[PDB]
Engineer: 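Dropping the structure in here first, questions after.
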Amino acid sequence: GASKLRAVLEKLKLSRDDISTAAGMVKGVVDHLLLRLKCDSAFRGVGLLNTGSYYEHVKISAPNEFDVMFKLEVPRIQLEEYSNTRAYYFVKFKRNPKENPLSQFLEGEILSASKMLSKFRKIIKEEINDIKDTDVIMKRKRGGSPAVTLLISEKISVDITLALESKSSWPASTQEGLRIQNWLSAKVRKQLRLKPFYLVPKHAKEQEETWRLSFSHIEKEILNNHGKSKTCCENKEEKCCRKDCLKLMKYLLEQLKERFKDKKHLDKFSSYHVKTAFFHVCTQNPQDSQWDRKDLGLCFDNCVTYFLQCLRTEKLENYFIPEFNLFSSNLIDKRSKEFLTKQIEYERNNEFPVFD
Ligand SMILES: O=c1cc(C(F)(F)F)[nH]c2nc(NCc3ccc(-c4ccccc4)cc3)nn12
Ligand SMILES: [Zn+2]
């Protein structure tokens, strides 16, 4: 039944590529926000994580929902790992010029996120206040990241996440992660780990001024140069279905979350979990011939199958930090993962009614 999957991918491709003023409205707003933040002492070097691509989408099915990252480089920071969480960190400074521009957000040794955010959110509030032309509103909701959600017009939503950028070596918790060696090669892994890493404000539970590692730039680089062969998806004789399988996994989850948004059992699942499981299947199946365009149906099924295995065993290691179990029962409880298991098996056994 790979014929249905192709049609699903065609609709999704058409929706995304259809002419839209959305990206241009959000560019206008983001560009005003950046200039106004660049005028303030603490945010002088703030900039876009992806330049030219204001249109990063979390929900592959929601074209009016945008997700942007404002990065700010911090030199010579000291990370202290928080509570053996492996992913969450206190941000200290080596502070050899003690007058670092973020000195105003200090609480002794420790960089305060809630303070940085409240000022970030206040500068942003002061520019969405001075909006010319089109109308935009700030929907300030809980959670440190995204910092704010902007609503433009009736349909457009922009999540803005603030991120510290570190150009030093990745924390030890990543040392055994990104296990792409038998897929993208050991030399690519080394290249990637020379790239910076990011830290976004975040709490482990739902108290403390912690930051969480973010590697969305590495995920993007992998997806756009994803084959074992350097020529994967350039020709037609080596055209693969890796990106299609990811889009199908994302769209399955988004459709099931929408189908059950009144029951809450699926609220903790996100794109992270499907992207992570996908990349694990990329390591398991490193050959481009295991992702043949013609095998879209079988390839999708391996992804669904592996995702179901993660759910039932309650194990899904973060791709960058192998000791962080995304499916631990402290993050998602057994009944929630068992609920999702049942719905996906119902989809697979009825030829995915969410793809009708
Ligand atoms: O940008 C990307 C892309 C991917 C991938 F594409 F592979 F999925 N994994 C990835 N891990 C990180 N940072 C570490 C980290 C991030 C998130 C959480 C978390 C925990 C609980 C709930 C929700 C999230 C824990 C640790 N960044 N990052
Ligand atoms: Zn490919």
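For ligands, and for the atoms within them, numbers begin at 1 and follow the listed sequence. Nothing fancy with the numbering, it's 1 onward along the sequence.
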Engineer: Identify the protein heavy atom lying closest to atom 8 (F) of ligand 1, giving its residue, its atom name and the separation to 0.1 Å.
Structural biologist: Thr276 OG1, 3.0 Å
Engineer: At what distance is the nearest protein heavy atom to atom 3 (C) of ligand 1, and which residue and atom is it?
Structural biologist: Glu219 OE1, 3.2 Å
Engineer: Atom NZ of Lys11 and atom OG of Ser61: how far apart are they, to the nearest 0.5 Å?
Structural biologist: 9.5 Å
Engineer: Just wondering, is there an N, O or S atom on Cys241 that's nearer than 2.8 Å to the Zn ion (ligand 2)?
Structural biologist: no
Engineer: What heavy-atom pair brings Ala62 and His57 nearest, and what distance separates the two atoms?
Structural biologist: O-CD2, 3.4 Å
Engineer: Do the two ring centres, one from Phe66 and one from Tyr54, sit under 6.0 Å apart?
Structural biologist: no
Engineer: Any idea which part of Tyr272 is under 4.0 Å from ligand 1, heavy-atom wise: side chain, backbone, both or neither?
Structural biologist: both
Engineer: Atoms of ligand 1 less than 4.0 Å from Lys275 heavy atoms?
Structural biologist: 6 (F), 8 (F)
Engineer: Just checking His273 against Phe307, ring centres under 6.0 Å apart?
Structural biologist: no
Engineer: With a 6.0 Å cut-off (strictly less than), is the heavy-atom count around CG of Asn225, excluding the residue itself, greater than 12?
Structural biologist: no
Engineer: Only one of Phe197, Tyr272, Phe215, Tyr198 passes ring pair (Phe, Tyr, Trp, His ring centres under 6.0 Å) with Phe320; say which it is.
Structural biologist: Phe215
Engineer: Looking only at non-hydrogen atoms, which of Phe269, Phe327, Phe324 approaches atom 20 (C) of ligand 1 most closely?
Structural biologist: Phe324
Engineer: Suppose we measure from atom 19 (C) of ligand 1 to each protein heavy atom; which comes out shortest, and what is that distance?
Structural biologist: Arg212 NH1, 3.4 Å
Engineer: Would you please indicate yes or no on a ring centroid separation below 6.0 angstrom for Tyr306 and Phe278?
Structural biologist: no
Engineer: Using heavy-atom distances only, which candidate in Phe215, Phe320, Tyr319, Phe278 approaches atom 4 (C) of ligand 1 most closely?
Structural biologist: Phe320
Engineer: Just to be sure I'm reading this right: ignoring hydrogens, which of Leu331, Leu326, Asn318 gets closest to atom 15 (C) of ligand 1? Compare them by their nearest heavy atoms.
Structural biologist: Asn318
Engineer: Among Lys92, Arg212, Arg86, which residue satisfies the salt bridge (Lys or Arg N to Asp or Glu O under 4.0 Å) criterion with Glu81?
Structural biologist: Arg86
Engineer: Taking the minimum heavy-atom distance to atom 14 (C) of ligand 1, which of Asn330, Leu213, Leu178 ranks first?
Structural biologist: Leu213
Engineer: Tell me which part of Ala87 gets within contact of ligand 1: side chain, backbone, both or neither, using heavy atoms under 4.0 Å.
Structural biologist: side chain
Engineer: With atoms numbered from 1 as shown, which atoms in ligand 1 lie under 4.0 angstrom from a non-hydrogen atom of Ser216?
Structural biologist: 1 (O), 2 (C)
Engineer: To which protein heavy atom is atom 7 (F) of ligand 1 closest, and what is the distance rounded to 0.1 Å?
Structural biologist: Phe279 CD1, 3.4 Å
Engineer: I need the SG(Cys240)-the Zn ion (ligand 2)-SG(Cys233) angle, rounded to 10 degrees.
Structural biologist: 100°
Engineer: Flag the pair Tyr319 / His280 as yes when their ring centroid distance falls below 6.0 Å, and as no otherwise.
Structural biologist: yes
Engineer: Mind checking whether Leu248 and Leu223 sit in one hydrophobic cluster, side chains of I, L, V, M, F, W, Y counted as touching below 4.5 Å?
Structural biologist: yes
Engineer: Below a 4.0 angstrom heavy-atom separation, can you tell me which part of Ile321, side chain or backbone, both or neither, approaches ligand 1?
Structural biologist: side chain
